[PDB]
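Engineer: Here you go, one structure.
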Amino acid sequence: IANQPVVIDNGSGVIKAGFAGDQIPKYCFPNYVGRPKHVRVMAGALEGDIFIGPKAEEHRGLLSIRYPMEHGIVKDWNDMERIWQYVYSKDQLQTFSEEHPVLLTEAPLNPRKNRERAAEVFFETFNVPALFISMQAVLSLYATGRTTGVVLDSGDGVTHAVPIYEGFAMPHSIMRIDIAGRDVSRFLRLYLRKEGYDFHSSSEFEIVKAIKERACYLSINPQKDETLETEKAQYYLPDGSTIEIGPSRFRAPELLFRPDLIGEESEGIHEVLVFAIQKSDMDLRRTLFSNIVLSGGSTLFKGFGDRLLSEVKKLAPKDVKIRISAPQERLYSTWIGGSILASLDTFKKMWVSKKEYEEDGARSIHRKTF
Amino acid sequence: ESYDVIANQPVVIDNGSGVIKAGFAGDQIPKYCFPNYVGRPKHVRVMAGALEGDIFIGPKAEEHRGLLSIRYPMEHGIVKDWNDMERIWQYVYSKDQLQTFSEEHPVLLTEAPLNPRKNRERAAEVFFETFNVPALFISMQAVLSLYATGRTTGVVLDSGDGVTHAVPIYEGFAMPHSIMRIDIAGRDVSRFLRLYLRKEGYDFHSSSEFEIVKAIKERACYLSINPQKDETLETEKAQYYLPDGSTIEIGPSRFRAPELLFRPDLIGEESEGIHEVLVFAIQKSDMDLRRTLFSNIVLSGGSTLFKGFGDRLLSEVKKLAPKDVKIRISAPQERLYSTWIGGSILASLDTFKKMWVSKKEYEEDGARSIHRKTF
Amino acid sequence: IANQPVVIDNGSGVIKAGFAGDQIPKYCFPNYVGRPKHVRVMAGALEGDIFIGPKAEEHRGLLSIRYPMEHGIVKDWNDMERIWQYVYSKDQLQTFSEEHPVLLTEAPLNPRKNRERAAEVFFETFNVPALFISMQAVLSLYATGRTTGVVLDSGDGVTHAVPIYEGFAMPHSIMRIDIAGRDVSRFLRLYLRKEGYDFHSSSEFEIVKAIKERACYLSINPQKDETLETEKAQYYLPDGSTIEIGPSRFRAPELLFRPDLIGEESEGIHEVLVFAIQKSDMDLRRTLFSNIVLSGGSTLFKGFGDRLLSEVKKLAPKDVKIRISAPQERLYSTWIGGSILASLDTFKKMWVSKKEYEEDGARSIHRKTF
Ligand SMILES: Nc1ncnc2c1ncn2[C@@H]1O[C@H](COP(=O)(O)OP(=O)(O)O)[C@@H](O)[C@H]1O
Ligand SMILES: Nc1ncnc2c1ncn2[C@@H]1O[C@H](COP(=O)(O)OP(=O)(O)O)[C@@H](O)[C@H]1O
Ligand SMILES: Nc1ncnc2c1ncn2[C@@H]1O[C@H](COP(=O)(O)OP(=O)(O)O)[C@@H](O)[C@H]1O
Ligand SMILES: [Mg+2]
Ligand SMILES: [Mg+2]
Ligand SMILES: [Mg+2]
């Protein structure tokens with residue numbers, strides 16, 4: 001089809017969408033479904049019992065929030081279908097699913113059934129002409145004008161270190177851990193509870209997420225700032241009241257470098273990156289250490305780069321150059337890479353026909369992917 | 001199925017503890033308003049050709065007020081004398097009011113929030129058994145206030161005669177667990193004014209003299225921004241003219257009586273003030289709504305019409321609210337009639353057909369069908 | 001070296017105090033301060049503006065009642081100081097506070113400032129030789145005599161499921177909600193208002209609490225009992241009047257298992273227990289299900305054990321034995337645990353000494369408690 005293709009990066013926290021070839025996704029909205037929990041009494045209340053997109057943010061306190069994706073794995077598929085039709089709704093990207101091919105972006109090392117059901121949903125419920133599923137990290141490396149390097153993509157659900165060499169991501173050297181920005185927000189909720197601020201409500205979890213985004217940082221030395229009493233910085237809640245955050249500012253994101261602070265049997269993010277680099281043959285290791293690209297929202301923490309540099313230097317072999325690159329467009333880098341990939345005419349040969357899916361099934365979509 | 005008795009113009013009744021406002025849906029104002037009490041002849045009937053009957057309701061009870069002992073069927077929004085309430089509802093349908101038959105028109109009834117369930121059950125029983133109405137909807141008062149004002153979001157602070165309550169509503173969604181209610185209202189302020197006038201040398205122990213205390217409360221009373229500076233000072237005693245032509249000097253009782261609304265502890269009742277009712281109703285809701293609820297406050301009921309009520313309510317709310325939040329208190333021009341105007345607007349809609357409880361639905365289910373399809 | 005340590009289980013509802021080694025807390029009294037609200041006119045009236053303990057219960061109609069604690073958190077610290085002074089008065093414990101080490105108890109996941117201020121009060125005002133802020137659930141399990149299990153402590157202010165493994169409370173599996181006996185009594189007051197019987201006064205809230213303790217039960221099937229015709233058991237008020245309760249008798253303690261009845265989007269008590277069990281290690285889940293220990297006052301509702309067992313069986317996996325233990329001393333289980341702990345010689349190595357607090361401050365309690 002000669003019509004423009006649409007890139008959809010369905011992250012756990014935020015879902016980016018846009019017609020390919022644009023330098024930026026203009027239709028990014030949070031990835032949750034809000035349903036009203038109070039009883040409607042008037043004639044003329046808000047019509048509809050499903051609230052997705054900026055409307056869910058406008059009427060946030062009126063709604064109970066439910067996240068369809070957890071750790072990059074779609075738990076509720078009906079809500080995912082609702083969100084993906086909302087992507088085509090008149091509010092954002094007013095178009096038809098039949099007119100545009102879709103470049104879906106998916107987390108690496110996901111279960112087989114997830115890709116199978118995503119293809120089934122996009123081919124049956126949506127009469128899409130052409131679907132192609134890709135990864136999030138290889139695109140993020142495409143965005144920054146490189147073909148060799150390691151991408152540390154840290155999103156809302158999952159964080160993974162992916163070494164790519166000459167475009168093709170090494171499937172054997174992929175490292176993945178499930179602690180991400182959502183787990184940091186939960187840890188911040190627990191710590192805020194330990195300061196005398198209860199946010200048990202589902203809509204107040206978004207306020208906790210906002211507090212995480214706006215007032216948090218990673219200390220250079222963990223024990224140094226842990227022992228030192230930090231100044232109490234005050235944050236303004238939506239109602240207008242104020243909360244003193246205090247040590248929870250720096251204790252919360254420390255989960256990323258110490259998963260045992262919530263009893264998760266997994267490696268830290270610095271350990272994940274260094275293990276991803278060291279899982280490859282040594283001739284490429286010295287190049288991978290130099291070409292480190294941060295990606296995803298959770299890498300935007302104040303002081304993330306310095307602490308990651310310190311930890312990687314502590315772990316990596318001595319006398320090896322290490323350079324962390326932090327692009328300003330970290331949130332939208334994966335979508336930018338998807339747009340770049342879709343702009344290439346070779347993408348015309350990379351998608352799967354409706355006839356191809358009907359004939360072969362999941363075999364076609366999985367042999368087409370890497 | 002089409003030209004049924006259901007399709008008739010419904011009758012809207014807003015029965016308040018102090019005043020009952022009845023009319024027909026579609027009218028701009030309640031055409032038939034009268035006090036919600038029953039008068040009985042106190043004296044001895046000696047002349048043929050006297051005032052016929054022994055139950056006086058409506059303007060007859062008002063013009064011949066001195067001739068009667070007054071009994072209020074409902075106190076604090078709860079019906080206490082059900083025979084008198086039934087009599088008042090029959091009078092609403094009489095030749096003096098609406099000139100109609102109760103069996104022809106559907107009914108919209110208003111009720112204060114958080115009332116006893118038995119009150120609603122008995123109201124439905126009376127309006128389906130004694131009055132054989134086709135259908136009955138029992139509405140909240142705040143929803144009607146928002147209907148009348150044309151809005152859909154707001155914290156309705158309704159201070160009637162027997163009940164004061166704050167109901168928060170957001171985008172047509174009502175939060176039942178943020179609704180607050182106190183039983184201090186205009187009746188309590190009038191009783192407290194009677195107590196103060198006793199403390200100033202005027203005894204109004206007669207039941208028909210309680211309405212004179214009501215009139216004094218309506219005319220010669222106000223609210224002070226600073227209660228302590230008026231407490232320590234002695235003001236100039238205003239002069240009130242009684243119905244018989246004699247005069248009284250009210251003085252410090254003018255402002256200390258309506259102060260009961262913001263301080264129930266003046267009568268030893270340890271309940272929230274009206275400002276605390278409103279602010280707690282806002283602050284019990286979800287946080288993301290609260291700011292909008294602070295910018296949409298709607299007043300209703302006659303007890304909000306005290307000279308200086310808006311200013312003092314704004315001052316107290318601003319004292320309790322978090323700093324730098326836009327507080328915008330609104331009020332309709334006809335505060336007494338707002339709830340009925342909303343009831344008329346709601347009963348005018350075609351959606352109202354799907355809201356009331358049909359008579360047959362009442363017969364099959366009984367009290368259960370009233371508890372649902374209400375609020 | 002000091003006298004025998006004094007155990008003080010300060011709940012939100014009732015404080016229970018005694019000396020370590022006693023079989024039961026000999027000095028239990030409600031945790032509120034009563035102040036007279038009427039006008040003293042004649043000489044010979046009651047002396048003192050502060051009434052605490054049985055003097056507050058004898059003259060309950062004369063006093064406005066104030067609760068210092070709310071959801072396990074001290075809201076009024078002057079009243080808390082008054083109450084802890086009364087614990088040491090000639091009516092309770094008959095001793096000076098400068099001679100006995102203290103074993104205070106605190107609910108899990110409390111604010112840090114609460115523990116800090118409690119230690120400051122106990123070391124400055126009362127000049128205790130030593131202090132040890134413990135946690136209620138682990139003490140309750142010690143009182144039962146077991147070392148591994150789950151303690152579902154449901155008190156007046158806060159309910160919480162804490163799993164303990166070999167005496168150590170797993171901190172990343174603690175579940176807590178603030179819906180407890182006081183919330184149930186407030187809900188009962190609301191329902192009695194909906195039944196025509198209206199109570200406003202803080203002294204009449206104690207009558208509502210008595211109605212809860214006397215005539216309230218948990219139905220095994222809420223929907224079955226909901227639809228049936230009620231019995232309307234009659235309760236005799238202190239003044240001699242009677243009230244017919246009816247449906248409010250069983251819907252009031254329903255709040256423990258369904259917080260959404262008051263608009264809270266928080267887990268139920270059964271959900272608290274099951275989520276605490278399922279948040280723990282996969283190896284421990286079988287032995288945690290086989291070892292559940294009830295505690296606190298709110299677990300004494302008629303039919304509480306059967307209802308909780310039914311809910312847990314509904315939520316628990318199949319082929320897993322469930323054994324909810326409901327010891328007779330549920331009210332004093334945590335105090336008995338504090339007494340058992342304080343009797344040991346190892347307790348000497350546990351407390352924060354007075355000199356340690358003098359030289360360190362809040363950090364001494366912060367390291368020693370955890
Ligand atoms: N400045 C910031 N500091 C810390 N966290 C941030 C910041 N900006 C965004 N985030 C977090 O990043 C997450 C979104 O990252 P994103 O790359 O969109 O994840 P995904 O790829 O799963 O959509 C959000 O959960 C948000 O909490
Ligand atoms: N101008 C006024 N100033 C003070 N109080 C007033 C005024 N007008 C009416 N009221 C009081 O308001 C009450 C009537 O309020 P209303 O809105 O009828 O409440 P309800 O609907 O519960 O009857 C009366 O008891 C009266 O004392
Ligand atoms: N027999 C009973 N039935 C129901 N509730 C009870 C009973 N006995 C006590 N309670 C409730 O338990 C609460 C006290 O529990 P307790 O274990 O003392 O709490 P805390 O841990 O705060 O001391 C009181 O609020 C009371 O309402
Ligand atoms: Mg991503
Ligand atoms: Mg009214
Ligand atoms: Mg306890």
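Each chain of the structure tokens is named A, B, ... in the order shown, its residues numbered from 1; ligands are numbered from 1 in display order.
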Determine which residues of chain B sit within 7 Å of chain A, taking into account only C-alpha atoms, and present them as a list in words.

Structural biologist: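 Every residue meeting the condition is included here: residues 143, 171, 172, 173, 174, 175, 286, 287, 288, 289, 290, 291, 322, 323, 325 and 375 of chain B.
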
Engineer: Kindly determine which residues of chain A lie within 6 Å of chain C, considering only C-alpha atoms, and give the answer as a VMD selection string.

Structural biologist: chain A and resid 194 to 196 201 262

Engineer: Which residues form the shell of 6 Å around ligand 4 when you count only C-alpha atoms and all ligand atoms, given as a compact mmCIF listing (two decimals) with C-alpha atoms, in the first residue's frame?

Structural biologist:
# COMPACT_ATOMS: atom_id res chain seq x y z
CA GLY A 11 5.31 0.57 26.43
CA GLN A 136 12.71 -1.44 21.61
CA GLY A 155 11.19 1.88 30.75
CA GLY A 296 13.62 4.84 28.27

Engineer: From stretch 18-79 of chain A, collect each residue whose DSSP state is strand (DSSP E or B) and return the set as a PyMOL selection string.

Structural biologist: chain A and resi 18-19+29-30+33-36+39-40+51+63-66+69-70+73-74

Engineer: Generate the output file for the selected residues, C-alpha atoms, as a PDB file, in the first residue's frame.

Structural biologist:
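Okay, result_35.pdb is ready:
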ATOM      1  CA  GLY A  18       2.432   8.349  15.159  1.00  0.00           C
ATOM      2  CA  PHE A  19       2.627   8.303  11.379  1.00  0.00           C
ATOM      3  CA  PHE A  29      -0.548   9.114  26.239  1.00  0.00           C
ATOM      4  CA  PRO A  30      -0.377   6.978  29.399  1.00  0.00           C
ATOM      5  CA  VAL A  33      -7.597   2.229  31.310  1.00  0.00           C
ATOM      6  CA  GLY A  34      -9.613   4.308  33.769  1.00  0.00           C
ATOM      7  CA  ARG A  35     -13.125   3.311  34.813  1.00  0.00           C
ATOM      8  CA  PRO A  36     -15.410   5.474  36.997  1.00  0.00           C
ATOM      9  CA  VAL A  39     -22.088   6.312  41.155  1.00  0.00           C
ATOM     10  CA  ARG A  40     -23.628   8.541  38.486  1.00  0.00           C
ATOM     11  CA  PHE A  51     -11.568   6.474  29.924  1.00  0.00           C
ATOM     12  CA  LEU A  63     -11.612   6.984  37.997  1.00  0.00           C
ATOM     13  CA  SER A  64     -10.000   3.777  39.168  1.00  0.00           C
ATOM     14  CA  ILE A  65      -6.915   3.049  37.062  1.00  0.00           C
ATOM     15  CA  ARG A  66      -5.949  -0.361  35.677  1.00  0.00           C
ATOM     16  CA  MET A  69       0.738  -4.336  30.788  1.00  0.00           C
ATOM     17  CA  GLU A  70       2.965  -5.433  33.671  1.00  0.00           C
ATOM     18  CA  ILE A  73       3.695  -8.613  29.510  1.00  0.00           C
ATOM     19  CA  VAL A  74       0.073  -7.938  28.568  1.00  0.00           C
TER      20      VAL A  74
END

Engineer: Got a sec to check which residues lie within 10 Å of ligand 5, using only C-alpha atoms and all ligand atoms, and send them as a ChimeraX atom specification?

Structural biologist: /B:14-21,77,110-112,140-142,145,158-164,300-302,335-340

Engineer: Just the selected residues (N, CA and C atoms), exported as an mmCIF file, in the first residue's frame, please.

Structural biologist:
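For reference, result01.cif as written:
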data_model
loop_
_atom_site.group_PDB
_atom_site.id
_atom_site.type_symbol
_atom_site.label_atom_id
_atom_site.label_comp_id
_atom_site.auth_asym_id
_atom_site.auth_seq_id
_atom_site.Cartn_x
_atom_site.Cartn_y
_atom_site.Cartn_z
ATOM 1 N N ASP B 14 -41.384 19.359 46.736
ATOM 2 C CA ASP B 14 -40.174 19.505 47.536
ATOM 3 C C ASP B 14 -40.640 19.762 48.961
ATOM 4 N N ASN B 15 -40.718 18.702 49.758
ATOM 5 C CA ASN B 15 -41.189 18.808 51.135
ATOM 6 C C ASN B 15 -39.994 19.082 52.039
ATOM 7 N N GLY B 16 -39.907 20.312 52.530
ATOM 8 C CA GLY B 16 -38.875 20.717 53.461
ATOM 9 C C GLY B 16 -39.431 20.747 54.869
ATOM 10 N N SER B 17 -38.536 20.673 55.853
ATOM 11 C CA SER B 17 -38.963 20.709 57.245
ATOM 12 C C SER B 17 -39.659 22.012 57.608
ATOM 13 N N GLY B 18 -39.333 23.111 56.929
ATOM 14 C CA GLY B 18 -39.925 24.401 57.224
ATOM 15 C C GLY B 18 -41.003 24.809 56.245
ATOM 16 N N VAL B 19 -40.739 24.618 54.955
ATOM 17 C CA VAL B 19 -41.640 25.022 53.882
ATOM 18 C C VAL B 19 -41.719 23.884 52.879
ATOM 19 N N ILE B 20 -42.922 23.631 52.371
ATOM 20 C CA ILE B 20 -43.167 22.634 51.336
ATOM 21 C C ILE B 20 -43.570 23.374 50.071
ATOM 22 N N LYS B 21 -42.895 23.049 48.969
ATOM 23 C CA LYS B 21 -43.061 23.724 47.688
ATOM 24 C C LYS B 21 -43.545 22.707 46.668
ATOM 25 N N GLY B 77 -35.602 16.861 58.821
ATOM 26 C CA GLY B 77 -35.781 16.146 57.577
ATOM 27 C C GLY B 77 -36.390 14.768 57.705
ATOM 28 N N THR B 110 -38.597 14.996 47.038
ATOM 29 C CA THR B 110 -37.241 15.290 47.470
ATOM 30 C C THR B 110 -37.066 14.863 48.919
ATOM 31 N N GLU B 111 -35.851 14.442 49.249
ATOM 32 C CA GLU B 111 -35.546 13.932 50.575
ATOM 33 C C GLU B 111 -34.110 14.288 50.917
ATOM 34 N N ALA B 112 -33.876 14.628 52.179
ATOM 35 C CA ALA B 112 -32.532 14.961 52.609
ATOM 36 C C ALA B 112 -31.647 13.714 52.555
ATOM 37 N N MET B 140 -32.598 13.185 45.581
ATOM 38 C CA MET B 140 -31.797 13.987 46.490
ATOM 39 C C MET B 140 -32.023 15.458 46.166
ATOM 40 N N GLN B 141 -31.685 16.332 47.115
ATOM 41 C CA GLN B 141 -31.897 17.762 46.910
ATOM 42 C C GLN B 141 -30.720 18.421 46.194
ATOM 43 N N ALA B 142 -29.496 17.958 46.454
ATOM 44 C CA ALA B 142 -28.318 18.560 45.834
ATOM 45 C C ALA B 142 -28.309 18.362 44.323
ATOM 46 N N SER B 145 -30.492 20.878 42.929
ATOM 47 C CA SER B 145 -29.894 22.210 42.954
ATOM 48 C C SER B 145 -28.934 22.396 41.785
ATOM 49 N N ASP B 158 -26.561 22.735 51.194
ATOM 50 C CA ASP B 158 -27.972 23.030 51.396
ATOM 51 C C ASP B 158 -28.229 23.136 52.889
ATOM 52 N N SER B 159 -28.652 24.318 53.331
ATOM 53 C CA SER B 159 -28.989 24.593 54.723
ATOM 54 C C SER B 159 -30.464 24.976 54.743
ATOM 55 N N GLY B 160 -31.320 23.991 54.990
ATOM 56 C CA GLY B 160 -32.749 24.216 54.968
ATOM 57 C C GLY B 160 -33.283 24.692 56.299
ATOM 58 N N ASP B 161 -34.336 24.030 56.779
ATOM 59 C CA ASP B 161 -34.943 24.404 58.080
ATOM 60 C C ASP B 161 -34.543 23.394 59.156
ATOM 61 N N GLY B 162 -34.385 22.122 58.802
ATOM 62 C CA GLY B 162 -34.086 21.117 59.838
ATOM 63 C C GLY B 162 -32.782 20.396 59.578
ATOM 64 N N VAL B 163 -32.257 20.470 58.357
ATOM 65 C CA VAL B 163 -31.055 19.726 58.002
ATOM 66 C C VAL B 163 -30.112 20.639 57.233
ATOM 67 N N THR B 164 -28.832 20.591 57.595
ATOM 68 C CA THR B 164 -27.754 21.219 56.842
ATOM 69 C C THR B 164 -26.870 20.097 56.327
ATOM 70 N N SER B 300 -27.620 26.714 48.967
ATOM 71 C CA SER B 300 -29.051 26.507 48.816
ATOM 72 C C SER B 300 -29.696 26.559 50.191
ATOM 73 N N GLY B 301 -31.017 26.651 50.197
ATOM 74 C CA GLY B 301 -31.769 26.696 51.430
ATOM 75 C C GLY B 301 -31.844 28.096 52.012
ATOM 76 N N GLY B 302 -32.859 28.301 52.850
ATOM 77 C CA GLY B 302 -33.093 29.621 53.402
ATOM 78 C C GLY B 302 -32.098 30.023 54.469
ATOM 79 N N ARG B 335 -32.775 31.218 46.149
ATOM 80 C CA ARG B 335 -32.215 30.123 46.932
ATOM 81 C C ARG B 335 -33.295 29.222 47.511
ATOM 82 N N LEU B 336 -34.436 29.792 47.903
ATOM 83 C CA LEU B 336 -35.523 28.980 48.440
ATOM 84 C C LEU B 336 -36.051 28.002 47.400
ATOM 85 N N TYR B 337 -36.183 28.450 46.154
ATOM 86 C CA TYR B 337 -36.912 27.727 45.122
ATOM 87 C C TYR B 337 -36.006 26.921 44.202
ATOM 88 N N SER B 338 -34.694 26.906 44.453
ATOM 89 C CA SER B 338 -33.765 26.278 43.519
ATOM 90 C C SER B 338 -33.996 24.775 43.418
ATOM 91 N N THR B 339 -34.183 24.106 44.557
ATOM 92 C CA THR B 339 -34.363 22.659 44.546
ATOM 93 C C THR B 339 -35.612 22.265 43.772
ATOM 94 N N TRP B 340 -36.708 23.002 43.957
ATOM 95 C CA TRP B 340 -37.913 22.682 43.204
ATOM 96 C C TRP B 340 -37.728 22.960 41.721
#

Engineer: Working over all C-alpha atoms in order, superimpose chain A onto chain C by least squares and state the RMSD in Å.

Structural biologist: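 It comes to 0.6 Å after superposition.
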
Engineer: I'd like the neighbourhood of stretch 302-306 of chain A as a ChimeraX atom specification, where a residue qualifies if any of its atoms comes within 7 Å (using only C-alpha atoms), though same-chain residues fewer than 6 positions away should be ignored.

Structural biologist: /A:216-220

Engineer: If you keep N, CA, C and O atoms, can you produce a file of those selected residues as an mmCIF file, in the first residue's frame?

Structural biologist:
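Contents of again35.cif, as written:
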data_model
loop_
_atom_site.group_PDB
_atom_site.id
_atom_site.type_symbol
_atom_site.label_atom_id
_atom_site.label_comp_id
_atom_site.auth_asym_id
_atom_site.auth_seq_id
_atom_site.Cartn_x
_atom_site.Cartn_y
_atom_site.Cartn_z
ATOM 1 N N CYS A 216 13.176 13.414 42.509
ATOM 2 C CA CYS A 216 13.969 12.251 42.877
ATOM 3 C C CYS A 216 15.347 12.389 42.252
ATOM 4 O O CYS A 216 15.522 13.083 41.248
ATOM 5 N N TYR A 217 16.322 11.716 42.855
ATOM 6 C CA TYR A 217 17.684 11.731 42.349
ATOM 7 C C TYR A 217 18.413 10.509 42.880
ATOM 8 O O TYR A 217 17.970 9.866 43.834
ATOM 9 N N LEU A 218 19.537 10.193 42.244
ATOM 10 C CA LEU A 218 20.396 9.085 42.640
ATOM 11 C C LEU A 218 21.689 9.651 43.206
ATOM 12 O O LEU A 218 22.406 10.382 42.515
ATOM 13 N N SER A 219 21.981 9.318 44.460
ATOM 14 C CA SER A 219 23.197 9.799 45.094
ATOM 15 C C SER A 219 24.415 9.090 44.514
ATOM 16 O O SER A 219 24.348 7.931 44.102
ATOM 17 N N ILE A 220 25.541 9.804 44.489
ATOM 18 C CA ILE A 220 26.758 9.242 43.912
ATOM 19 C C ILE A 220 27.246 8.068 44.751
ATOM 20 O O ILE A 220 27.548 6.991 44.225
#

Engineer: Here is a test: counting only C-alpha atoms, which residue of C:293, C:261, C:320, C:243 is nearest to residue C:144?

Structural biologist: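 Looking at the shortest contact to residue C:144, the residue is C:293.
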
Engineer: So what do you get for atom CA of residue A:4 versus atom CA of residue A:119, distance-wise?

Structural biologist: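 Separation between atom CA of residue A:4 and atom CA of residue A:119: 20.0 Å.
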
Engineer: Considering only C-alpha atoms, return as a ChimeraX atom specification whatever protein or nucleic-acid residues lie within 12 Å of stretch 223-231 of chain A, sequence-local ones (same chain, fewer than 3 positions apart) excluded.

Structural biologist: /A:217-220,234,244-252,254 /C:362-363,366-367

Engineer: So that I have them on file, write out the residues from the current selection with N, CA, C and O atoms, as a compact mmCIF listing (two decimals), in the first residue's frame.

Structural biologist:
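Saved file part_38.txt follows:
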# COMPACT_ATOMS: atom_id res chain seq x y z
N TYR A 217 16.32 11.72 42.86
CA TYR A 217 17.68 11.73 42.35
C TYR A 217 18.41 10.51 42.88
O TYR A 217 17.97 9.87 43.83
N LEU A 218 19.54 10.19 42.24
CA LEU A 218 20.40 9.08 42.64
C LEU A 218 21.69 9.65 43.21
O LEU A 218 22.41 10.38 42.52
N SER A 219 21.98 9.32 44.46
CA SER A 219 23.20 9.80 45.09
C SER A 219 24.41 9.09 44.51
O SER A 219 24.35 7.93 44.10
N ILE A 220 25.54 9.80 44.49
CA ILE A 220 26.76 9.24 43.91
C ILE A 220 27.25 8.07 44.75
O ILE A 220 27.55 6.99 44.22
N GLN A 234 10.01 20.16 49.86
CA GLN A 234 8.55 20.11 49.88
C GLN A 234 7.99 20.11 48.46
O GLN A 234 8.40 20.90 47.61
N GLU A 244 6.51 16.90 52.72
CA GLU A 244 7.96 16.88 52.88
C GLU A 244 8.46 15.49 52.54
O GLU A 244 8.08 14.51 53.20
N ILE A 245 9.30 15.39 51.51
CA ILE A 245 9.69 14.09 50.97
C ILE A 245 10.83 13.53 51.81
O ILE A 245 10.68 12.46 52.42
N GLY A 246 11.96 14.22 51.84
CA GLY A 246 13.06 13.84 52.69
C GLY A 246 13.89 12.70 52.11
O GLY A 246 14.12 12.66 50.90
N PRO A 247 14.35 11.76 52.96
CA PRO A 247 15.29 10.74 52.45
C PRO A 247 14.72 9.88 51.34
O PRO A 247 15.47 9.37 50.49
N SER A 248 13.39 9.75 51.28
CA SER A 248 12.74 8.98 50.23
C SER A 248 13.03 9.53 48.84
O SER A 248 12.78 8.83 47.85
N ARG A 249 13.54 10.76 48.74
CA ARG A 249 13.98 11.27 47.45
C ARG A 249 15.05 10.38 46.84
O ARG A 249 14.97 10.06 45.64
N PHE A 250 16.04 9.95 47.63
CA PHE A 250 17.16 9.19 47.09
C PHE A 250 17.08 7.70 47.39
O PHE A 250 17.70 6.90 46.68
N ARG A 251 16.33 7.30 48.42
CA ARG A 251 16.19 5.88 48.71
C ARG A 251 15.34 5.18 47.65
O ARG A 251 15.53 3.99 47.39
N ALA A 252 14.40 5.90 47.05
CA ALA A 252 13.48 5.27 46.10
C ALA A 252 14.17 4.81 44.82
O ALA A 252 14.06 3.61 44.49
N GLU A 254 17.17 4.11 44.27
CA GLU A 254 18.25 3.16 44.57
C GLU A 254 17.84 1.72 44.33
O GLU A 254 18.71 0.84 44.26
N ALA C 362 18.15 9.70 67.37
CA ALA C 362 17.23 8.87 66.60
C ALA C 362 17.93 7.75 65.85
O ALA C 362 17.31 6.73 65.54
N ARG C 363 19.21 7.92 65.52
CA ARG C 363 19.91 6.86 64.80
C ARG C 363 20.05 5.60 65.65
O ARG C 363 20.02 4.50 65.10
N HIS C 366 17.02 3.78 65.26
CA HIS C 366 16.86 3.37 63.87
C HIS C 366 17.66 2.12 63.54
O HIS C 366 17.14 1.22 62.86
N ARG C 367 18.91 2.02 64.00
CA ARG C 367 19.65 0.78 63.78
C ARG C 367 19.19 -0.35 64.70
O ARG C 367 19.09 -1.50 64.25

Engineer: So that I can check the surroundings of residue C:138, please list as a list in words every protein, DNA and RNA residue that reaches within 7 Å of it, counting only C-alpha atoms and ignoring chain neighbours fewer than 4 positions away.

Structural biologist: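 Those residues are residues 142, 164, 167 and 169 of chain C.
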
Engineer: Select the residues contacting ligand 6 at a distance of at most 12 Å, based on only C-alpha atoms and all ligand atoms, then format the selection as number ranges by chain.

Structural biologist: C: 8-17, 28, 31, 71-72, 104-108, 134-140, 151-160, 180-181, 294-299, 330-338

Engineer: Output as an NGL selection string all residues of stretch 189-287 of chain A that backbone DSSP marks as alpha helix (DSSP H).

Structural biologist: :A and (189-193 or 202-214 or 222-227 or 248-251 or 269-278 or 282-287)

Engineer: Which neighbours of residue C:270 fall inside 8 Å, counting only C-alpha atoms, when residues of the same chain fewer than 3 positions from it are skipped, and could you give them as a ChimeraX atom specification?

Structural biologist: /C:257,273-274,308,311-312

Engineer: So, counting only C-alpha atoms, which residue among C:78, C:148, C:97, C:85 is closest to residue C:131?

Structural biologist: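 Of C:78, C:148, C:97, C:85, the one nearest residue C:131 is C:97, counting only C-alpha atoms.
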
Engineer: Excluding residue C:319 and its own-chain neighbours fewer than 5 positions away, which residues fall within 12 Å of it when counting only C-alpha atoms? Please give them as number ranges by chain.

Structural biologist: C: 286, 289-290, 313

Engineer: Between atom CA of residue B:207 and atom CA of residue B:184, measure the distance and give it in Å to one decimal.

Structural biologist: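 Atom-to-atom, atom CA of residue B:207 to atom CA of residue B:184, that is 19.7 Å.
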
Engineer: Quick one, how far is atom CA of residue C:322 from atom CA of residue C:24?

Structural biologist: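 The value is 28.9 Å.
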
Engineer: A:95, A:328, A:353, A:369: which is nearest ligand 1, counting only C-alpha atoms and all ligand atoms?

Structural biologist: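 Comparing A:95, A:328, A:353, A:369 against ligand 1, the winner is A:328.
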